[PDB]
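Structure below is target_21.cif: mmCIF, C-alpha atoms and all ligand atoms.
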data_model
#
loop_
_atom_site.label_atom_id
_atom_site.label_comp_id
_atom_site.auth_asym_id
_atom_site.auth_seq_id
_atom_site.Cartn_x
_atom_site.Cartn_y
_atom_site.Cartn_z
CA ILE A 1 5.38 -15.82 11.62
CA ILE A 2 5.80 -18.38 14.42
CA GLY A 3 5.57 -21.89 12.96
CA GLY A 4 3.75 -22.25 9.65
CA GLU A 5 5.72 -22.74 6.48
CA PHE A 6 7.99 -20.94 4.07
CA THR A 7 6.30 -19.64 0.94
CA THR A 8 6.98 -17.37 -2.05
CA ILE A 9 5.17 -14.29 -3.34
CA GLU A 10 3.21 -16.31 -5.98
CA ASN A 11 1.13 -17.72 -3.11
CA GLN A 12 0.25 -14.31 -1.63
CA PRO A 13 0.82 -11.94 -4.64
CA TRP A 14 -0.93 -8.98 -2.93
CA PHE A 15 1.71 -8.99 -0.15
CA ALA A 16 3.63 -5.71 0.10
CA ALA A 17 7.01 -5.37 1.79
CA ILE A 18 7.50 -1.92 3.36
CA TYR A 19 10.98 -0.54 4.22
CA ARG A 20 12.36 2.76 5.60
CA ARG A 21 15.41 4.78 4.49
CA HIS A 22 17.78 6.23 7.01
CA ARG A 23 19.45 8.52 8.42
CA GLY A 24 22.69 7.69 6.65
CA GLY A 25 21.13 5.60 3.91
CA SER A 26 20.76 2.15 5.39
CA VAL A 27 17.38 0.60 4.50
CA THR A 28 15.53 -1.60 7.03
CA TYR A 29 12.26 -3.55 7.01
CA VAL A 30 9.25 -1.92 8.69
CA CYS A 31 6.04 -3.88 8.10
CA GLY A 32 3.82 -5.79 5.70
CA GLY A 33 0.91 -4.44 3.65
CA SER A 34 -1.64 -5.62 1.05
CA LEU A 35 -2.26 -4.33 -2.47
CA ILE A 36 -5.96 -3.43 -2.77
CA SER A 37 -5.75 -1.61 -6.13
CA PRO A 38 -2.90 -0.78 -8.53
CA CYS A 39 -1.95 2.47 -6.69
CA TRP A 40 -2.96 1.61 -3.08
CA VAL A 41 -1.44 -0.53 -0.33
CA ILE A 42 -3.24 -0.98 3.00
CA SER A 43 -1.28 -1.52 6.24
CA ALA A 44 -1.29 -0.58 9.97
CA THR A 45 -0.86 2.99 11.33
CA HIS A 46 1.43 1.88 14.22
CA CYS A 47 4.11 0.95 11.65
CA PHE A 48 4.54 4.59 10.56
CA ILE A 49 3.48 6.71 13.55
CA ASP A 50 7.06 7.28 14.85
CA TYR A 51 8.31 8.33 11.37
CA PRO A 52 5.21 9.78 9.65
CA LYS A 53 7.11 11.25 6.66
CA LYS A 54 6.21 9.52 3.33
CA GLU A 55 9.63 10.24 1.75
CA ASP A 56 11.32 7.87 4.23
CA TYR A 57 9.53 4.76 2.86
CA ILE A 58 10.04 2.27 0.07
CA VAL A 59 7.40 -0.29 -0.95
CA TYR A 60 8.09 -3.51 -2.87
CA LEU A 61 5.57 -5.74 -4.61
CA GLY A 62 6.42 -9.22 -5.98
CA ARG A 63 9.14 -9.71 -3.34
CA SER A 64 9.70 -13.16 -1.75
CA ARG A 65 12.89 -12.38 0.24
CA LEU A 66 13.81 -9.75 2.84
CA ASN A 67 17.25 -8.48 1.78
CA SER A 68 17.60 -9.84 -1.78
CA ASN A 69 15.84 -8.85 -4.99
CA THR A 70 13.20 -11.25 -6.31
CA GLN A 71 12.92 -11.59 -10.08
CA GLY A 72 9.90 -9.63 -11.30
CA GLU A 73 9.59 -7.34 -8.25
CA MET A 74 8.53 -3.66 -8.43
CA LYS A 75 9.82 -0.85 -6.20
CA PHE A 76 7.79 2.23 -5.26
CA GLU A 77 8.05 5.49 -3.37
CA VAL A 78 5.10 6.57 -1.24
CA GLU A 79 3.19 9.36 -3.02
CA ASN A 80 0.75 9.50 -0.09
CA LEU A 81 0.81 8.23 3.53
CA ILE A 82 -2.65 8.28 5.16
CA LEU A 83 -2.80 7.35 8.87
CA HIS A 84 -6.14 6.93 10.67
CA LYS A 85 -7.14 10.14 12.50
CA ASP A 86 -8.65 8.23 15.46
CA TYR A 87 -5.57 6.05 16.04
CA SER A 88 -4.61 5.48 19.66
CA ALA A 89 -1.99 3.42 21.50
CA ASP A 90 -2.97 1.49 24.66
CA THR A 91 -0.14 -0.47 26.42
CA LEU A 92 -0.73 -3.37 23.98
CA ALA A 93 -3.93 -2.60 22.09
CA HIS A 94 -3.85 -0.17 19.17
CA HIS A 95 -7.21 1.31 18.11
CA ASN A 96 -7.98 2.12 14.46
CA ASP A 97 -4.70 0.53 13.46
CA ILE A 98 -5.08 1.11 9.74
CA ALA A 99 -3.19 3.05 7.08
CA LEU A 100 -3.15 3.65 3.33
CA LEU A 101 -0.07 4.11 1.17
CA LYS A 102 -0.45 5.48 -2.36
CA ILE A 103 2.44 3.97 -4.28
CA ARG A 104 4.30 5.43 -7.27
CA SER A 105 7.58 4.49 -9.01
CA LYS A 106 10.45 6.76 -10.16
CA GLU A 107 8.69 6.61 -13.56
CA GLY A 108 5.37 7.86 -12.11
CA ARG A 109 3.59 4.49 -12.44
CA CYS A 110 1.48 2.22 -10.21
CA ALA A 111 1.52 -1.60 -9.92
CA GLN A 112 1.31 -3.66 -13.12
CA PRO A 113 -0.33 -7.00 -12.23
CA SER A 114 1.61 -10.19 -13.00
CA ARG A 115 2.09 -13.75 -11.71
CA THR A 116 3.85 -12.31 -8.62
CA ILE A 117 1.76 -9.10 -8.19
CA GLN A 118 -2.08 -9.15 -7.81
CA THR A 119 -4.71 -7.21 -5.82
CA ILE A 120 -6.77 -8.73 -2.97
CA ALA A 121 -10.51 -8.16 -2.61
CA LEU A 122 -11.92 -6.23 0.33
CA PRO A 123 -14.86 -7.84 2.14
CA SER A 124 -18.45 -6.66 1.71
CA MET A 125 -19.45 -4.43 4.62
CA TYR A 126 -19.80 -5.98 8.11
CA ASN A 127 -19.47 -9.46 6.51
CA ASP A 128 -16.88 -11.73 8.14
CA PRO A 129 -16.54 -15.52 8.29
CA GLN A 130 -17.89 -17.42 11.25
CA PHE A 131 -15.62 -18.21 14.10
CA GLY A 132 -13.50 -21.30 13.65
CA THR A 133 -12.96 -20.44 10.03
CA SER A 134 -9.35 -21.03 8.92
CA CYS A 135 -7.60 -17.98 7.47
CA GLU A 136 -4.02 -17.40 6.36
CA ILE A 137 -1.43 -14.84 7.49
CA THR A 138 1.76 -13.89 5.66
CA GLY A 139 4.88 -11.95 6.62
CA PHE A 140 8.59 -11.51 7.17
CA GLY A 141 8.15 -11.24 10.97
CA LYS A 142 10.07 -13.09 13.70
CA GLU A 143 10.05 -16.92 13.67
CA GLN A 144 10.42 -16.91 17.45
CA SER A 145 9.63 -14.20 20.04
CA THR A 146 13.25 -14.34 21.29
CA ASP A 147 14.76 -13.97 17.77
CA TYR A 148 16.81 -10.92 16.93
CA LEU A 149 16.71 -11.57 13.18
CA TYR A 150 13.77 -11.67 10.81
CA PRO A 151 13.61 -14.58 8.35
CA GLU A 152 15.08 -13.96 4.96
CA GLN A 153 12.32 -16.01 3.22
CA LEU A 154 8.60 -15.05 3.33
CA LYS A 155 6.38 -17.21 5.55
CA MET A 156 2.70 -18.05 5.92
CA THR A 157 0.53 -19.94 8.36
CA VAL A 158 -3.09 -20.74 9.22
CA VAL A 159 -5.02 -19.44 12.23
CA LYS A 160 -8.68 -19.81 13.24
CA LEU A 161 -11.08 -16.88 13.87
CA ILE A 162 -12.09 -16.47 17.50
CA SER A 163 -15.42 -14.91 18.51
CA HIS A 164 -15.69 -11.40 19.99
CA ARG A 165 -17.19 -13.11 23.10
CA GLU A 166 -14.33 -15.57 23.62
CA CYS A 167 -11.60 -12.97 22.95
CA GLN A 168 -13.11 -10.45 25.43
CA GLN A 169 -12.89 -12.90 28.39
CA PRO A 170 -10.24 -11.57 30.90
CA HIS A 171 -8.25 -14.81 30.55
CA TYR A 172 -7.71 -13.63 26.96
CA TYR A 173 -7.65 -9.82 26.43
CA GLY A 174 -10.58 -8.43 28.51
CA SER A 175 -11.68 -4.97 27.29
CA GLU A 176 -8.50 -4.44 25.22
CA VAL A 177 -10.34 -6.03 22.25
CA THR A 178 -13.13 -3.98 20.59
CA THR A 179 -15.66 -4.88 17.88
CA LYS A 180 -13.38 -3.16 15.31
CA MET A 181 -10.75 -5.86 16.07
CA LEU A 182 -10.68 -9.60 15.19
CA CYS A 183 -8.87 -12.32 17.11
CA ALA A 184 -7.33 -15.39 15.55
CA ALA A 185 -5.17 -18.21 16.86
CA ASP A 186 -4.13 -21.82 16.58
CA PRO A 187 -6.07 -24.29 18.81
CA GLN A 188 -2.65 -25.41 20.18
CA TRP A 189 -1.22 -21.82 20.28
CA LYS A 190 1.52 -23.33 18.12
CA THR A 191 1.61 -20.81 15.23
CA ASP A 192 0.95 -17.05 15.08
CA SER A 193 1.92 -13.64 13.78
CA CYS A 194 4.71 -11.75 15.56
CA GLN A 195 6.86 -8.58 15.47
CA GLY A 196 7.56 -7.65 11.87
CA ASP A 197 4.28 -9.19 10.58
CA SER A 198 2.35 -5.99 11.52
CA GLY A 199 0.39 -4.44 8.67
CA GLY A 200 0.22 -7.72 6.70
CA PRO A 201 -2.85 -9.65 5.53
CA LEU A 202 -5.25 -12.01 7.26
CA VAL A 203 -6.95 -13.59 4.22
CA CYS A 204 -10.12 -15.67 4.38
CA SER A 205 -12.24 -17.37 1.75
CA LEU A 206 -15.57 -15.57 1.64
CA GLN A 207 -18.32 -16.40 -0.81
CA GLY A 208 -15.73 -18.49 -2.54
CA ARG A 209 -13.32 -15.62 -2.89
CA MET A 210 -10.01 -14.74 -1.17
CA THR A 211 -10.79 -11.64 0.90
CA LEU A 212 -8.74 -9.22 3.09
CA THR A 213 -10.48 -9.86 6.40
CA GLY A 214 -7.82 -8.50 8.75
CA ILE A 215 -4.58 -6.56 9.10
CA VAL A 216 -1.97 -7.79 11.61
CA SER A 217 -2.13 -5.31 14.54
CA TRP A 218 -1.06 -6.57 17.96
CA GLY A 219 -0.78 -9.33 20.55
CA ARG A 220 0.77 -10.11 23.92
CA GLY A 221 3.77 -12.26 23.10
CA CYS A 222 3.56 -14.50 20.10
CA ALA A 223 2.03 -17.95 20.01
CA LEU A 224 1.40 -17.64 23.79
CA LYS A 225 -1.44 -19.64 25.37
CA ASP A 226 -4.67 -17.58 25.73
CA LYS A 227 -3.14 -14.63 23.80
CA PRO A 228 -4.44 -14.62 20.22
CA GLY A 229 -3.25 -12.46 17.37
CA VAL A 230 -5.31 -9.29 17.03
CA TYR A 231 -6.21 -7.87 13.66
CA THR A 232 -7.85 -4.69 12.41
CA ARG A 233 -11.32 -5.77 11.29
CA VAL A 234 -11.30 -4.55 7.66
CA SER A 235 -15.10 -4.91 7.14
CA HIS A 236 -15.65 -2.14 9.79
CA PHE A 237 -13.49 0.42 7.87
CA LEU A 238 -14.85 0.34 4.27
CA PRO A 239 -16.17 3.96 4.30
CA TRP A 240 -12.74 5.19 5.49
CA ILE A 241 -11.01 3.03 2.85
CA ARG A 242 -13.38 4.17 0.07
CA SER A 243 -13.20 7.86 1.03
CA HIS A 244 -9.41 8.02 1.31
CA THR A 245 -8.90 6.06 -1.96
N1 LIG B 301 -0.11 -12.17 17.16
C1 LIG B 301 0.69 -11.90 18.17
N2 LIG B 301 0.70 -12.67 19.24
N3 LIG B 301 1.49 -10.84 18.15
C2 LIG B 301 1.64 -9.94 17.18
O1 LIG B 301 1.00 -9.88 16.15
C3 LIG B 301 2.64 -8.88 17.51
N4 LIG B 301 3.44 -9.12 18.57
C4 LIG B 301 4.37 -8.23 18.99
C5 LIG B 301 5.19 -8.70 20.15
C6 LIG B 301 4.63 -9.34 21.26
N5 LIG B 301 5.44 -9.78 22.24
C7 LIG B 301 6.78 -9.65 22.15
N6 LIG B 301 7.35 -9.07 21.08
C8 LIG B 301 6.58 -8.61 20.08
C9 LIG B 301 4.53 -7.04 18.27
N7 LIG B 301 5.40 -6.00 18.64
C10 LIG B 301 5.22 -5.46 20.01
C11 LIG B 301 6.43 -4.65 20.50
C12 LIG B 301 6.65 -3.29 19.82
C13 LIG B 301 5.74 -2.97 18.64
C14 LIG B 301 5.76 -3.96 17.45
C15 LIG B 301 6.30 -5.37 17.68
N8 LIG B 301 3.72 -6.81 17.21
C16 LIG B 301 2.78 -7.70 16.80
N9 LIG B 301 2.00 -7.41 15.73
#

With the file now loaded, output its structure as structure tokens.
Ligand SMILES: N=C(N)NC(=O)c1nc(-c2cncnc2)c(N2CCCCCC2)nc1N
Amino acid sequence: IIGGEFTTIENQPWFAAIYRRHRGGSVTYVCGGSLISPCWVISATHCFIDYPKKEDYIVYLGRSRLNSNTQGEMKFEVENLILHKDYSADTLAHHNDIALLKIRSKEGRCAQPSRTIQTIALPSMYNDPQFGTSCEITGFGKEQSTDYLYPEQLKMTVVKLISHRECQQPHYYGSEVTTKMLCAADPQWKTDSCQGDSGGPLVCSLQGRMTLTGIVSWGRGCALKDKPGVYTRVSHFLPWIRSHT
């Protein structure tokens, strides 16, 4: 997250932190996700496509810090890793950038909700907020494009939804952006998602309810003028989500 503010998991208790084992046993951060039911985390396919083996991954819920344990956190193995069959990689733009992880502990259990661990509602079909609506993004991604490190403390920021029409102008992303993607950005291009925030939530208030509107997918640079963040448009994937869960 470029700009924005530090936060803790209590403020975004559906946030999932996804890591990968090595290869010698070191464990490194991969991507964010969102808890949509006790046993299911939703994320982005591009996070896992290079290492598509479920046994390599560890999922934490209730975690506020990158490399230290947060009190009350839960740790899971991935019982099931479901990548979207129609995924494709353009140079920048990933299509159908969506994935499901069925989570299960050593003890064979799913997430127990708590103050630090809650589910997030999916939107009703094809129902998104109007452009200019303020939504929030959360992640452990880079604080600056040039950074080598990820922040140790979770961050969040606010971005505004951009219309299909505005985002498809060539000055922005041209044809790279489809109707199954959503754009969002700061009017000053001052704050944004970045590398390491992939798979995490774009949450908007809909019908007076916090709703998973988007999943961090791609962008050119981070917090670059005329280059919004691009998000998987969750309201266009409900049949896929329902079927595979
Ligand atoms: N909103 C945004 N402007 N950007 C992003 O959300 C985003 N940006 C980047 C990126 C953009 N430019 C420079 N470095 C990283 C990125 N990469 C891309 C390189 C390899 C794959 C994963 C890491 N992933 C993102 N999800």

Next on the checklist: Let me see if you get this right: every residue at most 8 Å from ligand LIG 301 (chain B), counting all atoms listed in the file, written as a list in words.
Outcome noted: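 The neighbouring residues of ligand LIG 301 (chain B) are, in order, residues 46, 47, 92, 145, 146, 185, 192, 193, 194, 195, 196, 197, 198, 199, 216, 217, 218, 219, 220, 221, 222, 223, 224, 227, 228, 229, 230 and 231 of chain A.
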
If you count only C-alpha atoms, which residues fall within 12 Å of residue 108 (chain A), apart from same-chain ones fewer than 2 positions away, as a CSV table (one decimal) with C-alpha atoms, keeping the file's coordinate frame?
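Once everything was written out, this is result-v8.csv:
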chain,number,residue,atom,x,y,z
A,39,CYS,CA,-2.0,2.5,-6.7
A,75,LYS,CA,9.8,-0.8,-6.2
A,76,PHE,CA,7.8,2.2,-5.3
A,77,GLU,CA,8.0,5.5,-3.4
A,78,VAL,CA,5.1,6.6,-1.2
A,79,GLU,CA,3.2,9.4,-3.0
A,102,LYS,CA,-0.4,5.5,-2.4
A,103,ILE,CA,2.4,4.0,-4.3
A,104,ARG,CA,4.3,5.4,-7.3
A,105,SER,CA,7.6,4.5,-9.0
A,106,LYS,CA,10.4,6.8,-10.2
A,110,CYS,CA,1.5,2.2,-10.2
A,111,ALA,CA,1.5,-1.6,-9.9

Checklist entry - So which residues touch region 117-123 of chain A within 9 Å, counting all atoms listed in the file, skipping near sequence neighbours fewer than 6 positions away, as a list in words? => result residues 9, 10, 12, 13, 14, 15, 34, 35, 36, 37, 38, 61, 62, 63, 72, 73, 74, 111, 203, 206, 209, 210, 211, 212, 213, 234, 235 and 238 of chain A

Checklist entry - Near residue 171 (chain A), within 9 Å and counting all atoms listed in the file, which residues show up once chain neighbours fewer than 3 positions away are dropped, as number ranges by chain? => result A: 167-168, 174, 226-227

Checklist entry - Mind pulling up the distance from CA of residue 182 (chain A) to CA of residue 84 (chain A)? => result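 Between CA of residue 84 (chain A) and CA of residue 182 (chain A) the gap is 17.7 Å.
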
Checklist entry - Excluding same-chain residues fewer than 5 positions from residue 163 (chain A), what lies within 9 Å of it counting all atoms listed in the file, as a ChimeraX atom specification? => result /A:130-132,168,182-184

Next on the checklist: What does the structure give for the distance between CA of residue 100 (chain A) and CA of residue 26 (chain A), in Å to one decimal?
Outcome noted: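 These atoms are spaced 24.0 Å apart.
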
Checklist entry - With all atoms listed in the file as the atoms that count, which of A:6, A:19, A:140, A:240 lies nearest to residue 86 (chain A)? => result A:240

Checklist entry - Which residue out of A:159, A:58, A:93, A:177 has the minimum interatomic distance to residue 189 (chain A) when all atoms listed in the file are used? => result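 Checking each of A:159, A:58, A:93, A:177 against residue 189 (chain A), counting all atoms listed in the file, the winner is A:159.
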
Item to check | Point-to-point distance in Å for CA of residue 128 (chain A) and CA of residue 164 (chain A) | outcome: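 Going from CA of residue 164 (chain A) over to CA of residue 128 (chain A) covers 11.9 Å.
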
Next on the checklist: When you count only C-alpha atoms, which of these residues is closest to residue 67 (chain A): A:201, A:113, A:139, A:151?
Outcome noted: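 Closest residue, counting only C-alpha atoms: A:151.
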
Next on the checklist: At a cut-off of 10 Å, using all atoms listed in the file, what residues contact residue 57 (chain A)? Leave out same-chain residues fewer than 6 positions from it and give the result as a list in words.
Outcome noted: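 With the cut-off at 10 Å, the set is residues 18, 19, 20, 21, 22, 27, 28, 29, 30, 48, 51, 76, 77, 78, 79, 81 and 101 of chain A.
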
Next on the checklist: When you count only C-alpha atoms, which of these residues is closest to residue 44 (chain A): A:94, A:115, A:190, A:242?
Outcome noted: A:94

Once you've located region 83-205 of chain A in the structure I gave, write it as a PDB file, in the first residue's frame, keeping C-alpha atoms.
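Written file, out.pdb:
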ATOM      1  CA  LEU A  83      -7.439 -21.431  -9.822  1.00  0.00           C
ATOM      2  CA  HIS A  84      -9.732 -19.983 -12.515  1.00  0.00           C
ATOM      3  CA  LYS A  85      -9.711 -22.177 -15.656  1.00  0.00           C
ATOM      4  CA  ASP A  86      -9.925 -19.151 -18.013  1.00  0.00           C
ATOM      5  CA  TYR A  87      -7.005 -17.298 -16.413  1.00  0.00           C
ATOM      6  CA  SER A  88      -4.627 -15.571 -18.820  1.00  0.00           C
ATOM      7  CA  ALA A  89      -1.588 -13.305 -18.503  1.00  0.00           C
ATOM      8  CA  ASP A  90      -1.235 -10.260 -20.794  1.00  0.00           C
ATOM      9  CA  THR A  91       1.971  -8.155 -20.361  1.00  0.00           C
ATOM     10  CA  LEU A  92       0.269  -6.290 -17.476  1.00  0.00           C
ATOM     11  CA  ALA A  93      -3.385  -7.299 -17.498  1.00  0.00           C
ATOM     12  CA  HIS A  94      -4.420 -10.614 -15.952  1.00  0.00           C
ATOM     13  CA  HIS A  95      -7.842 -11.965 -17.006  1.00  0.00           C
ATOM     14  CA  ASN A  96     -10.040 -13.951 -14.594  1.00  0.00           C
ATOM     15  CA  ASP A  97      -7.567 -13.237 -11.825  1.00  0.00           C
ATOM     16  CA  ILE A  98      -9.443 -15.079  -9.101  1.00  0.00           C
ATOM     17  CA  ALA A  99      -8.757 -18.059  -6.863  1.00  0.00           C
ATOM     18  CA  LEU A 100     -10.271 -19.981  -3.953  1.00  0.00           C
ATOM     19  CA  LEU A 101      -8.370 -21.554  -1.081  1.00  0.00           C
ATOM     20  CA  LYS A 102     -10.134 -24.061   1.177  1.00  0.00           C
ATOM     21  CA  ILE A 103      -8.396 -23.710   4.525  1.00  0.00           C
ATOM     22  CA  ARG A 104      -7.907 -26.365   7.213  1.00  0.00           C
ATOM     23  CA  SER A 105      -5.708 -26.510  10.344  1.00  0.00           C
ATOM     24  CA  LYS A 106      -3.485 -29.374  11.614  1.00  0.00           C
ATOM     25  CA  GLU A 107      -6.512 -30.260  13.780  1.00  0.00           C
ATOM     26  CA  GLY A 108      -8.857 -30.495  10.750  1.00  0.00           C
ATOM     27  CA  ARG A 109     -10.765 -27.287  11.571  1.00  0.00           C
ATOM     28  CA  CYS A 110     -11.846 -24.125   9.722  1.00  0.00           C
ATOM     29  CA  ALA A 111     -11.869 -20.491  10.950  1.00  0.00           C
ATOM     30  CA  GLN A 112     -13.513 -19.729  14.301  1.00  0.00           C
ATOM     31  CA  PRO A 113     -14.785 -16.120  14.163  1.00  0.00           C
ATOM     32  CA  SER A 114     -13.498 -13.683  16.802  1.00  0.00           C
ATOM     33  CA  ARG A 115     -12.699  -9.980  17.272  1.00  0.00           C
ATOM     34  CA  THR A 116      -9.733 -10.406  14.870  1.00  0.00           C
ATOM     35  CA  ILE A 117     -11.291 -12.961  12.452  1.00  0.00           C
ATOM     36  CA  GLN A 118     -14.608 -12.322  10.595  1.00  0.00           C
ATOM     37  CA  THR A 119     -16.059 -13.074   7.136  1.00  0.00           C
ATOM     38  CA  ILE A 120     -16.797 -10.390   4.503  1.00  0.00           C
ATOM     39  CA  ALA A 121     -20.015 -10.340   2.472  1.00  0.00           C
ATOM     40  CA  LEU A 122     -19.959 -10.890  -1.278  1.00  0.00           C
ATOM     41  CA  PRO A 123     -21.941  -8.394  -3.367  1.00  0.00           C
ATOM     42  CA  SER A 124     -25.308  -9.214  -4.913  1.00  0.00           C
ATOM     43  CA  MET A 125     -24.884 -10.092  -8.594  1.00  0.00           C
ATOM     44  CA  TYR A 126     -23.807  -7.351 -11.049  1.00  0.00           C
ATOM     45  CA  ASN A 127     -24.348  -4.760  -8.264  1.00  0.00           C
ATOM     46  CA  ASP A 128     -21.424  -2.381  -7.699  1.00  0.00           C
ATOM     47  CA  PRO A 129     -21.241   1.142  -6.255  1.00  0.00           C
ATOM     48  CA  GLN A 130     -21.311   4.129  -8.544  1.00  0.00           C
ATOM     49  CA  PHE A 131     -18.089   5.627  -9.692  1.00  0.00           C
ATOM     50  CA  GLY A 132     -16.508   8.060  -7.285  1.00  0.00           C
ATOM     51  CA  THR A 133     -17.495   5.884  -4.379  1.00  0.00           C
ATOM     52  CA  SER A 134     -14.724   5.602  -1.763  1.00  0.00           C
ATOM     53  CA  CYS A 135     -13.606   2.044  -1.009  1.00  0.00           C
ATOM     54  CA  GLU A 136     -10.804   0.674   1.149  1.00  0.00           C
ATOM     55  CA  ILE A 137      -7.855  -1.583   0.298  1.00  0.00           C
ATOM     56  CA  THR A 138      -5.688  -3.512   2.749  1.00  0.00           C
ATOM     57  CA  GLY A 139      -2.371  -5.330   2.487  1.00  0.00           C
ATOM     58  CA  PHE A 140       1.249  -5.979   3.376  1.00  0.00           C
ATOM     59  CA  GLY A 141       2.464  -4.791  -0.068  1.00  0.00           C
ATOM     60  CA  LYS A 142       5.261  -2.328  -0.852  1.00  0.00           C
ATOM     61  CA  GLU A 143       5.050   1.204   0.614  1.00  0.00           C
ATOM     62  CA  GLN A 144       6.973   2.524  -2.382  1.00  0.00           C
ATOM     63  CA  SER A 145       7.472   1.051  -5.882  1.00  0.00           C
ATOM     64  CA  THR A 146      11.271   1.201  -5.399  1.00  0.00           C
ATOM     65  CA  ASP A 147      11.177  -0.599  -2.000  1.00  0.00           C
ATOM     66  CA  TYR A 148      12.831  -3.965  -1.625  1.00  0.00           C
ATOM     67  CA  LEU A 149      11.129  -4.714   1.705  1.00  0.00           C
ATOM     68  CA  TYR A 150       7.463  -5.132   2.518  1.00  0.00           C
ATOM     69  CA  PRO A 151       6.143  -3.316   5.593  1.00  0.00           C
ATOM     70  CA  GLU A 152       6.077  -5.293   8.776  1.00  0.00           C
ATOM     71  CA  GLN A 153       2.742  -3.702   9.879  1.00  0.00           C
ATOM     72  CA  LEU A 154      -0.528  -4.106   7.915  1.00  0.00           C
ATOM     73  CA  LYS A 155      -1.715  -1.029   5.979  1.00  0.00           C
ATOM     74  CA  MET A 156      -4.932   0.315   4.496  1.00  0.00           C
ATOM     75  CA  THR A 157      -5.962   3.212   2.300  1.00  0.00           C
ATOM     76  CA  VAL A 158      -8.918   4.688   0.418  1.00  0.00           C
ATOM     77  CA  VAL A 159      -9.331   4.815  -3.353  1.00  0.00           C
ATOM     78  CA  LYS A 160     -12.240   5.964  -5.550  1.00  0.00           C
ATOM     79  CA  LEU A 161     -14.006   3.768  -8.152  1.00  0.00           C
ATOM     80  CA  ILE A 162     -13.376   4.822 -11.745  1.00  0.00           C
ATOM     81  CA  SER A 163     -15.893   4.146 -14.533  1.00  0.00           C
ATOM     82  CA  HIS A 164     -15.347   1.478 -17.201  1.00  0.00           C
ATOM     83  CA  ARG A 165     -15.478   4.358 -19.742  1.00  0.00           C
ATOM     84  CA  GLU A 166     -12.789   6.477 -18.079  1.00  0.00           C
ATOM     85  CA  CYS A 167     -10.469   3.513 -17.397  1.00  0.00           C
ATOM     86  CA  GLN A 168     -10.674   2.264 -21.025  1.00  0.00           C
ATOM     87  CA  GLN A 169      -9.340   5.577 -22.474  1.00  0.00           C
ATOM     88  CA  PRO A 170      -5.825   4.938 -23.990  1.00  0.00           C
ATOM     89  CA  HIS A 171      -4.328   7.573 -21.656  1.00  0.00           C
ATOM     90  CA  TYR A 172      -5.287   5.110 -18.895  1.00  0.00           C
ATOM     91  CA  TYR A 173      -5.274   1.386 -19.878  1.00  0.00           C
ATOM     92  CA  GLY A 174      -6.987   1.206 -23.324  1.00  0.00           C
ATOM     93  CA  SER A 175      -8.332  -2.292 -24.075  1.00  0.00           C
ATOM     94  CA  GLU A 176      -6.293  -3.922 -21.261  1.00  0.00           C
ATOM     95  CA  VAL A 177      -9.288  -3.310 -18.932  1.00  0.00           C
ATOM     96  CA  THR A 178     -12.417  -5.470 -19.464  1.00  0.00           C
ATOM     97  CA  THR A 179     -15.897  -5.317 -17.900  1.00  0.00           C
ATOM     98  CA  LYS A 180     -14.826  -8.113 -15.493  1.00  0.00           C
ATOM     99  CA  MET A 181     -12.251  -5.657 -14.024  1.00  0.00           C
ATOM    100  CA  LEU A 182     -12.742  -2.532 -11.853  1.00  0.00           C
ATOM    101  CA  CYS A 183     -10.421   0.463 -11.686  1.00  0.00           C
ATOM    102  CA  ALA A 184      -9.838   2.553  -8.593  1.00  0.00           C
ATOM    103  CA  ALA A 185      -7.463   5.371  -7.739  1.00  0.00           C
ATOM    104  CA  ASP A 186      -6.810   8.483  -5.714  1.00  0.00           C
ATOM    105  CA  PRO A 187      -7.749  11.807  -7.424  1.00  0.00           C
ATOM    106  CA  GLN A 188      -4.125  12.934  -6.744  1.00  0.00           C
ATOM    107  CA  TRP A 189      -2.620   9.476  -7.606  1.00  0.00           C
ATOM    108  CA  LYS A 190      -1.117   9.767  -4.125  1.00  0.00           C
ATOM    109  CA  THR A 191      -2.128   6.378  -2.640  1.00  0.00           C
ATOM    110  CA  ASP A 192      -2.610   2.928  -4.202  1.00  0.00           C
ATOM    111  CA  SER A 193      -2.114  -0.815  -4.030  1.00  0.00           C
ATOM    112  CA  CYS A 194       1.256  -2.249  -5.092  1.00  0.00           C
ATOM    113  CA  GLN A 195       3.313  -5.462  -5.341  1.00  0.00           C
ATOM    114  CA  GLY A 196       2.481  -7.719  -2.416  1.00  0.00           C
ATOM    115  CA  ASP A 197      -1.108  -6.371  -2.089  1.00  0.00           C
ATOM    116  CA  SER A 198      -2.305  -8.754  -4.866  1.00  0.00           C
ATOM    117  CA  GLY A 199      -5.207 -10.985  -3.889  1.00  0.00           C
ATOM    118  CA  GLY A 200      -6.346  -8.650  -1.076  1.00  0.00           C
ATOM    119  CA  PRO A 201      -9.720  -6.930  -0.619  1.00  0.00           C
ATOM    120  CA  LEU A 202     -11.276  -3.831  -2.135  1.00  0.00           C
ATOM    121  CA  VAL A 203     -14.172  -3.272   0.291  1.00  0.00           C
ATOM    122  CA  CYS A 204     -17.075  -0.912  -0.342  1.00  0.00           C
ATOM    123  CA  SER A 205     -20.189  -0.045   1.631  1.00  0.00           C
TER     124      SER A 205
END
